4 protein chains.
Amino acid sequence: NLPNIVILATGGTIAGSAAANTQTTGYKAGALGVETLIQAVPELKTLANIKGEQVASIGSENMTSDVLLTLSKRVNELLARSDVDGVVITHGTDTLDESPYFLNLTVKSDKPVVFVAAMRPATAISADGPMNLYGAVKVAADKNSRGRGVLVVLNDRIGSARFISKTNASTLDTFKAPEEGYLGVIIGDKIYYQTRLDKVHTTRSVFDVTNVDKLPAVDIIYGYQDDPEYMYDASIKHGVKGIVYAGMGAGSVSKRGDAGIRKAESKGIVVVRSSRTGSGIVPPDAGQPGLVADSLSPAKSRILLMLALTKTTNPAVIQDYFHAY
Amino acid sequence: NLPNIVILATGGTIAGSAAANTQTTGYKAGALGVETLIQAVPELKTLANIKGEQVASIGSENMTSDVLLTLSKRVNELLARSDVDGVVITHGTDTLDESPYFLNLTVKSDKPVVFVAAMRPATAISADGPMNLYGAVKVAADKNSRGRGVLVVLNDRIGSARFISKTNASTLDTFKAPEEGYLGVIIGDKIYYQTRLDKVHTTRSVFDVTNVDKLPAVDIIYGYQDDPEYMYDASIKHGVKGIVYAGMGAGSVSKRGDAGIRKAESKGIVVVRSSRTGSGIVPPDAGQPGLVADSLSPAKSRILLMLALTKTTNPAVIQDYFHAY
Amino acid sequence: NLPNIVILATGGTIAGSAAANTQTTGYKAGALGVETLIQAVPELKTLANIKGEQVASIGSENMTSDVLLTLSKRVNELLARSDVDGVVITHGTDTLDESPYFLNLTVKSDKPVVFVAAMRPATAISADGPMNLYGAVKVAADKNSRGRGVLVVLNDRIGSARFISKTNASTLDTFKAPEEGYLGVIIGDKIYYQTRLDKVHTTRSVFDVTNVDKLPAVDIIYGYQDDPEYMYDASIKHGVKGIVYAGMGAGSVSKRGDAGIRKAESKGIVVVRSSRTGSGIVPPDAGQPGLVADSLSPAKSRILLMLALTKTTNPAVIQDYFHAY
Amino acid sequence: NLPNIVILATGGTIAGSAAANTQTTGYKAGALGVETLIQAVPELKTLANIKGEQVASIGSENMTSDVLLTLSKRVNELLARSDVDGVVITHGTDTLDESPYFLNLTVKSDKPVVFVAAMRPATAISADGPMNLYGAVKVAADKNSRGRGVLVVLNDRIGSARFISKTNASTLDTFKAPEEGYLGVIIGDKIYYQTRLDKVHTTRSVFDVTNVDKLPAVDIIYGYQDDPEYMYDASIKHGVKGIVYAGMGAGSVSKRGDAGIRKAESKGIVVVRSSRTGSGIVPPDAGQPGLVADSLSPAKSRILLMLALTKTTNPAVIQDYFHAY
Ligand SMILES: N[C@@H](CC(=O)O)C(=O)O
Ligand SMILES: N[C@@H](CC(=O)O)C(=O)O
Ligand SMILES: N[C@@H](CC(=O)O)C(=O)O
Ligand SMILES: N[C@@H](CC(=O)O)C(=O)O
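In this document, residue positions are counted from 1 along each chain in sequence order, independent of how the entry numbers them, and residues without coordinates are left out. Going through the entries in the order they are written, you letter the chains from A and number the ligands from 1. As a rule here, side-chain values come from all non-hydrogen atoms in the structure, and water together with hydrogens is ignored.

## Thoughts on the site of ligand 4
All names here are of chain D. Residues in close proximity to ligand 4 include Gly12, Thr13, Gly59, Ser60, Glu61, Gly92, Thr93, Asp94 and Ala118, which together make up its full environment. Whenever two N or O atoms come within 3.5 Å, that pair is a polar contact, provided that in protein one can donate a hydrogen and the other can accept it, and provided that, for residues adjacent in sequence, both atoms are side-chain atoms. Side-chain polar atom of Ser60 to an oxygen atom of ligand 4: 2.3 Å apart, as the coordinates give it. Surface accessibility follows the Shrake-Rupley procedure with a 1.4 Å probe radius. Residue values consider only the protein chains on display as shielding. Protein coverage of the free-state accessible area of ligand 4, which is 270 Å², stands at 87%. Ten residue types, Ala, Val, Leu, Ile, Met, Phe, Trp, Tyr, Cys and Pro, are classed as nonpolar, four, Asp, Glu, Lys and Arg, as charged, and the remainder, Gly among them, as polar. Classifying every residue of the shell around ligand 4 by side-chain character gives 1 nonpolar, 6 polar and 2 charged. What makes a residue near a molecule or strand is one non-hydrogen atom of that residue sitting within 4 Å of it.

## Remarks on the nonpolar core
Think of a nonpolar core as a cluster: buried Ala, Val, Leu, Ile, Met, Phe, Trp, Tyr and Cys residues, connected wherever their side-chain atoms sit within 4.5 Å. Throughout, exposure labels follow a simple rule: accessible area from a 1.4 Å probe, protein chains only, divided by the maximum for the residue type, with under 20% read as buried, over 50% as exposed, and the rest as partly exposed. If you look at the biggest cluster of nonpolar residues, it comprises 118 residues, and the most contacted ones within it are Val75 and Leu103 of chain C together with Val75 and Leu103 of chain D. Under the scheme used here, helices are H or I runs from DSSP no shorter than 4 residues and strands are E runs no shorter than 2 residues, and both carry numbers assigned from the N terminus. Here this core takes 7 residues from helix α2 (residues 65-79) of chain D, the largest share from any one element. Throughout, a residue-residue contact means that at least one pair of heavy atoms, one from each residue, lies within 4.5 Å. Residues within four places of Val75 of chain C in sequence aside, it is in contact with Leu8, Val87, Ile89, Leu103, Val107 and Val113 of chain C. Counting residues in hydrophobic clusters, the runner-up holds 116 residues, among them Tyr224 of chain A together with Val107, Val212 and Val272 of chain B.

## Quick notes on the site of ligand 3
All names here are of chain C. With respect to spatial proximity, the complete set of residues near ligand 3 consists of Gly12, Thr13, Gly59, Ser60, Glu61, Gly92, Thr93, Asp94 and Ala118. Take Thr13: an N or O atom from its main chain is 3.1 Å from an oxygen atom of ligand 3. The contact in question runs from an oxygen atom of ligand 3 to an N or O atom on the side chain of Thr93, over 2.7 Å. Considered on its own, ligand 3 offers 270 Å² of accessible surface; in the complex 89% of this is hidden by protein.

## A look at the interface of chain C and chain D
Counting residues at the interface gives 57 residues for chain C, matched by 58 residues for chain D. In short, buried area is how much 1.4 Å probe accessible area vanishes from two parts on joining, totalled over both. Counting the surface lost from both chain C and chain D, the interface buries some 4,400 Å², and carbon and sulfur atoms represent 49% of this. Among the residues chain C hides against chain D, the three largest losses belong to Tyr222, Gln225 and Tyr230 of chain C. Together they make up 16% of the total. When a carboxyl oxygen of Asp or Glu is within 4 Å of a side-chain nitrogen of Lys or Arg, the pair counts as a salt bridge. A salt bridge links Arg276 of chain C to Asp97 of chain D; the shortest N-O distance between them is 3.8 Å. Counting the contacts that link chain C with chain D gives 32 residue pairs in polar contact. When contributions to the side of chain C that touches chain D are tallied by element, the ones reaching two or more residues are α2 (65-80), β14 (218-222), α5 (230-237), α6 (255-265) and α7 (298-308) of chain C. With 5 residues, β14 of chain C is the largest single contributor of residues to the side of chain C that touches chain D.

## Considering the pairing of strand β12 (residues 218-222) of chain D
Residues and elements named next belong to chain D. Burial within β12 is extensive, with 5 of its 5 residues counted as buried. Residue alternation in β12 divides its side chains into two sets, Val218, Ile220 and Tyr222 and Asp219 and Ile221, and both sets are buried. Each parallel crossover has a hand, and for β12 linked through helix α5 (residues 230-237) to strand β13 (residues 242-247) it is right-handed. A crossover counts as right-handed when, viewed with the strands pointing away from the observer, the path leading from the first strand over the helix to the second turns clockwise.

## As for the domain arrangement of chain A
Residues and elements named next belong to chain A. Domain start and stop positions are those given by an automatic or database domain assignment. Domain boundaries assigned for chain A yield domain 1 (1-216) and domain 2 (217-325). Domain 1 and domain 2 are separated by 28 Å when their C-alpha centres are compared. On the side of domain 2, 21 residues touch domain 1, which itself brings 22 residues to the contact. Contact between domain 1 and domain 2 buries roughly 2,000 Å² in total, counting both sides, with carbon and sulfur atoms accounting for 66%. Taken together, the links from domain 1 to domain 2 amount to 1 salt bridge.

Okay, structure coming up:
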């Protein structure tokens, strides 16, 4: 009796197709279904009983919070069933920073939720998709993968949704977390778990979007030399509920950024100072406005802020989420 | 006789002072003069004859293109003299991604221009400033450091202005370049050069800002899920000459980002697609609008685009600069 | 009432002194007592009630298994007392791969055992010792640091004794674990735990050396092109109980290395195939002799094998230790 | 017309064939000829005119100095011809630390010598071989690859033979150089060179093996706690010409290692102190015996020492080679 795994497809280059096998970038992309991905890897039949389901068919650069609501609700419906042991989600790499972390806070089950992607299309020479999908299903079918939070599997690595991000624009090994490493690795058709996420996730999370139809809008504004104050004005004008600041260094604000953040806060907008660096802690500073993002990236900080605004508008409670989640 | 090195001060945590040494973050920053930094390390006298100038006294988060013009003009004025062998620039870490790369394209000399910074204030326990400054002066005083482009010295490393960036928000070893490494290292009071910059820099650069009073305005717009098109509308309204897109993955645009970029291009604004990932190549794509940033980060792409706009607005010529510089 | 922390000194460059402050390497090293290190950082009094003890005064390159036995028995006696909350151990960096992992398997307490070291002597410019010691004591005094296994603190990082190793010969940031990251970080006088060790350690470990006078001899033989078979003959002649093979790639043996290992196994010597690469999994292979080291480095594999030989010689039980510890 | 590239096969997992595609490790390895590798990638015909030769059919773990001597002589006579523009060498990954660096010092031409390997067998799911081979041939056929030293191409990276090493036992992205990065990358069917090797290589190298029948024997002895002195006695007994010490930290010797090295030096054996860390500089120290390996790893130090012993035994001259090569 093999485990029962459901593969939910949302699109991405993993389900992409090009005219030539030498083409990995800059091509008229064609989408493939979940059944085509399953049929491409007949070795999945030794791991688990597989059922395919197409949630979406878009590039992750076009992934929206509305589709994330639909995805999370469907994952929760499936994991509540006794005939589903785990869920594998085929997704694009461009916003694989956000999607798994969204599910890390919204999934109400200990059963494995494994995001999977590919940097090369299925038609490409040495396409990474087939092995990544094999690894993802293997992880989801393993009972030892439970209670570890949402997992992300690419290039023989098992990364945490809380730390893993696309660190390189175009390489196969792009998904890394320099300061936190990987939760596990897949070597020689065997899973080796090494670390556990020391943050609040899945079953112990207070965030629930089961009865949420629309999430609060949150913008991300970059921090740099000569950064305009008018970007904050644009966010205020359109009435966003939150703003994540991709700050210079440890979330440092310029005179124009400081003025823009305080103007947003006076209108009731919750601002969180993250970092454009790529990793590390943004420490508390009473001399600067806004909350701090802890070690959360601008992309993941936005996700947490959106979900935090569904529960509260209290800055201290939201700050507590950033240090715990 | 010893070489003649001039230390130009712009500010930063390297010249920062706190009431307690346990404080490294969120403190009352006390700005120190260039002479105080020189007197703190009397071992600089064994390396070279030191002179100090105070170009600026601000945090790098407030570093502007106007101050960079003043800095670049002063560096070129000093390096043209026979009594100056090299220059050391004490700067902050928050925008040390931009400043050195600016001078990497504007300095008209093979003489060493070495940027130096510190993550911990001078008062802090195990302050990195003193050793960083010693290493920077040592690098600038070495004649073998010539013709290598603008250098950045922190944590015993010599990084290229073209590749090095603050990769972590709060650590001493934050300045890294995972795909390109370091040009050299400083170990045991000795310099070990290992790699050379294979890009156009300094003397061979066509970018000259000697007769430039004001640089063209360039904004950076971040790429993420549900990214607003109105950010581009804000840039267009304020009449920016360039827009750098910190794209999802390999500079991928959403439907709103695509619309915002094409709207900017119709107004004559040159848009360059960079990446929010942290490293890697953004490959050319005819299916997407805007130019491609090659391996240049959003911060450095903005610097190059700003300087490219002083000479031309032609997309093909600017694209050529992005692959060469 | 502040926690009671005991600082045990074994030596190292953290307690080293040079002729000049520009000397970090190649000098006549002097020794500093445990009290000299404590008085150098008066900020330790705000963290905990400190009591220093001098266990040894040697370079870690000369650290032996006999001294580790004495250290482990002493730590166990200290932590068994109700008036001790944690222990900080000043040690050298050269064999900081072995020592903490030894205590990770032998210390029977949830109370923090924090190893600390320095890459620069206390006399050097921007000596890392003072801050590393401050960070180590802060970790040991924190109640949240309990039950996390043996910790290693340098350069604002909290690494696991199971994963952390000296990855660079001479840099301050040398202690890394690319595949596993850090358990926590120390930023802005605050501790941020991110991951937990998912292996058997400390309290749950079966390795008890309280009644052990002398440990079994284990050698490490390197794997390379034209590697001699006579090195294995030298180990067999001296009657070692174990041999760790620092293998090429994934612990691959040459024809001479295969012959040497099989000859050792016939004499009752338990051989474990590790890797010279620096990281990763050495997978099981029925076509090759010896056991596999999992992700354990040659240095750490020797430590585990040495402790495993005090309990059993059964290859199946020892292999189970390598996948669980 | 297209360039003329010769592919020299030595063996390895790139030419490996397993029973099942889920088998990447621990399998009965099969041997695939050079023509089988060429016919597997028909896209090589668009890059260059290909001719294949079978130099060897062994795993790199069994690669010997006599085969490297034969390989180097064959590469040199091929590059001397006008009908050969570059050479691609299919090799194993286990000793890809040594082989390319050997040729980096022995090749007497600016024509590209590109080593290529694969972590997964040709039969495996998402086998890296085909893309790596395509990338290697593309690099060898590119005129811009000339005068850059021996290149190593895997996972879309172009690494220098001087710096690149297998850093992980079992992953696709194993070939890294933390402190030096890559010379270039292959993204979207385009080569992007970023750094150049700032060491003496190929054409300018003084190490000629045209008239060498047998290379001097050089052993590598590992440095660790309780390291035996008898390993050095075994090397002296068999009359090796050199000994590379894989030292603890920055090549630090124990009391037994110090006694063993000085005993080797008294018998005329040249000893070089390298590091077991994985990267970094081993600094000169008059207080310790033996020469220093600079930034060279134990594997690469052995290669340089072996080639230096064909010319001289003078300690100061060999030490100079270690800082220049
Ligand atoms: N544009 C693609 C990139 C990828 O999947 O690799 C996506 O994110 O859907
Ligand atoms: N806020 C400081 C940060 C630093 O220098 O470390 C600056 O950039 O000026
Ligand atoms: N030789 C020293 C190196 C250090 O501590 O940095 C030791 O390990 O004791
Ligand atoms: N055992 C193989 C490993 C590989 O090529 O991946 C070899 O080096 O030949």
